[PDB]
Every structure is written in C-alpha cells, then in structure tokens.
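Trainee: The structure that follows is given in the form of structure tokens.
Taken together, the values in this text are just the output of simple stated rules run on the coordinates, not laboratory data. In this analysis, Cβ positions are derived from the backbone assuming ideal geometry, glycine residues included, and neighbour counts consider all displayed protein chains.
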Number of protein chains: 2
Amino acid sequence: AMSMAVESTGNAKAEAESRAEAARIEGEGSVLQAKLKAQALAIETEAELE
Amino acid sequence: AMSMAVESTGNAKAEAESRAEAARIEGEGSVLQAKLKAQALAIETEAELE
C-alpha cells in the first residue's frame, strides 16, 4: 500500500507538474507577447491616426 | 479481513491521492496561468484602449 501510494502520487504529480510548468512558461510568454503586441498596436494605430 | 482491509484501503487511497496531488498541481498551475493571463489581458486591453 505504501509503495502503491508513492508510485501513484509520483505518477500523478509528474503529469500534473509538467502541465503546471508548461502553463507557467506559456503565461510568461503570453504576457511578454502581450507587451510586444501592445507596443505594435500602439504604434500602428498611432501612425494610422496621423 | 485485516489484510483485505489494508489492501483495499491502500488501493483506494493510492488512486484517490494521485488524483488529489494531480489536482493540487493543476490548481497551482491554473492560478499561475491566471496571473499571467491577467497580466496579458491587462496590457492588451490597455494598449488597445489607447
């Protein structure tokens, strides 16, 4: 029972923490792309404003 | 009866605690993605506001 508990919790935590790490990387990437796209829109619409 | 009790409770607790650990990792991941996506929206809509 102890061995099954540790194996099952390791198997679940691996597939859960890989997803969590990938989601963290995607969140940081998404906010950085949000900054870059914000600059892109704020300059495109500013020039098109003129 | 004692052996069956311990085996059944170990087998149930393994499949229950793996799910609980995976759900905890998913919750932490989800809140971190919520922060990152919150920053992404708060900058995208801010630039699009301009």
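Trainee: Specify which of the listed residues (B:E44, B:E28) is among the acidic types (D, E), under 18 Å from the mean Cα position of the chain (by Cα) and surrounded by 14 or more Cβ atoms within 10 Å (Cβ to Cβ).
Mentor: It is B:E28.
Trainee: Can you pull out every residue in the range A:1-25 that is more than 7 Å from chain B (Cβ to nearest Cβ) and within 22 Å of the chain's Cα centre (by Cα)?
Mentor: Passing the criteria: A:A14, A:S18, A:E21, A:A22, A:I25.
Trainee: State all residues of the range B:18-50 that are of a type in the set (V, I, T) and more than 28 Å from A:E44 (Cβ to Cβ); if no residue qualifies, say none.
Mentor: Matches in the range B:18-50: B:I25, B:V31.
Trainee: Further question: Counting just the residues of the range A:26-36 that are under 15 Å from B:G29 (Cα atoms) and touching a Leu at 6+ places or on another chain (Cβ under 8 Å), which one comes out nearest to the other protein chains (Cβ to nearest Cβ)?
Mentor: Going through the qualifying residues, I end up with A:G27.
Trainee: Condition first: farther than 20 Å from A:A12 by Cα and either in contact with a strand residue (DSSP E or B) (Cβ under 6 Å, 6 or more places away or on another chain) or of a type in the set (V, I, T) (or both). Now tell me which residues in the range B:1-44 satisfy that.
Mentor: Result: B:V6, B:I43.
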